[PDB]
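The basis for the numbers below is simple: all heavy atoms, side chains too, and nothing from hydrogens, waters or symmetry mates. Nothing fancy with the numbering, it's 1 onward along the sequence. Counting starts at 1 for both ligands and their atoms, following the listed order.
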Amino acid sequence: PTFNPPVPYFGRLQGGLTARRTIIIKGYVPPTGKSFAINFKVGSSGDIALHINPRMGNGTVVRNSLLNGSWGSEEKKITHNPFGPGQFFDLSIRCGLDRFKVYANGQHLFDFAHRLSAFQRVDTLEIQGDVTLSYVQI
Ligand SMILES: CC(=O)N[C@H]1[C@H](O[C@H]2[C@@H](O)[C@@H](CO)O[C@@H](O[C@H]3[C@H](O)[C@@H](O)[C@H](O)O[C@@H]3CO)[C@@H]2O)O[C@H](CO)[C@@H](O)[C@@H]1O[C@@H]1O[C@H](CO)[C@H](O)[C@H](O)[C@H]1O
């Protein structure tokens, strides 16, 4: 569950995802993979505060929230894509006060402003799809 945890990954964030808390995800994008998702979630089957979905087909890093049954407006702007076929990556995800702060391989990837009212309503990390994880710190 910390080292080589298989997918689908399900990890409880003890307490809530409080401001200042940083989450580490090291992984490997398989050459014959299409898509994987990192979901910061309210419970095991509630709302997704941050959905990070790299898609190998169109080389896109989609961010969105699933709130009260609906997907919001997608955020896709990046200056680099670390999730290419056969690439190892090092993700650092800090829950800020007003926004998530996400770095890839030591370089800023994106910020994502909080849509959910939770600084700490977020208590579940779900990682699923075409990804091989070497290390998840929670
Ligand atoms: C079909 C699918 O892949 N479902 C996924 C789910 O994915 C969607 C999200 O990635 C959102 C984020 O904005 O995008 C959706 O597609 C957009 C597309 O990007 C647009 O360009 C287009 O105009 O609109 C569509 C529709 O909004 C994706 O469909 O993400 C969740 C969370 O990771 C997955 O759970 C879900 O997988 C399915 O889960 C189901 C149970 O809830 C079923 O088990 C199903 O088998 C899974 O494939």
What are the distances between nitrogen or oxygen atoms of ligand 1 and protein nitrogen or oxygen atoms, counting only those under 3.5 Å?
| residue | atom | partner | partner atom | Å |
| --- | --- | --- | --- | --- |
| ligand 1 | 10 (O) | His51 | NE2 | 2.8 |
| ligand 1 | 10 (O) | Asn53 | OD1 | 3.3 |
| ligand 1 | 10 (O) | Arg55 | NH2 | 3.1 |
| ligand 1 | 13 (O) | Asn64 | ND2 | 2.8 |
| ligand 1 | 13 (O) | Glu74 | OE2 | 2.6 |
| ligand 1 | 14 (O) | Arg55 | NH2 | 3.1 |
| ligand 1 | 14 (O) | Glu74 | OE2 | 3.4 |
| ligand 1 | 19 (O) | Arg55 | NH1 | 2.8 |
| ligand 1 | 19 (O) | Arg55 | NH2 | 3.1 |
| ligand 1 | 19 (O) | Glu74 | OE2 | 2.7 |
| ligand 1 | 33 (O) | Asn39 | ND2 | 3.0 |
| ligand 1 | 33 (O) | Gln128 | NE2 | 2.9 |
| ligand 1 | 35 (O) | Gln128 | NE2 | 3.4 |

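- Salt-bridge check for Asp47 with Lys41: failed, with every basic side-chain N at 4.0 Å or more from each acidic carboxylate O.
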Please table the atom pairs, donor to acceptor, closer than 3.5 Å between any side-chain atom in residues 99-108 and protein atoms at least two apart or in another chain.
| residue | atom | partner | partner atom | Å |
| --- | --- | --- | --- | --- |
| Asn105 | OD1 | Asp90 | N | 2.8 |
| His108 | NE2 | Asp111 | OD1 | 2.6 |

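- Atom OG1 of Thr132 is separated from atom CZ of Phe36 by 10.5 Å, given to the nearest 0.5 angstrom.
- Legend: residues meeting side-chain hydrogen bond (donor to acceptor under 3.5 Å, both in side chains) with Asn53, ordered by chain and number and at least two apart, are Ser35, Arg55.
- Hydrophobic cluster membership is shared by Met56 and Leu133, with clusters built from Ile, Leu, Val, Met, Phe, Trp and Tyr side chains linked at under 4.5 angstrom.
- Among residues two or more places apart in sequence or in another chain, the side chain to side chain contact (heavy atoms under 4.5 Å, CB included) test is passed with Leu66 by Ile48, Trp71.
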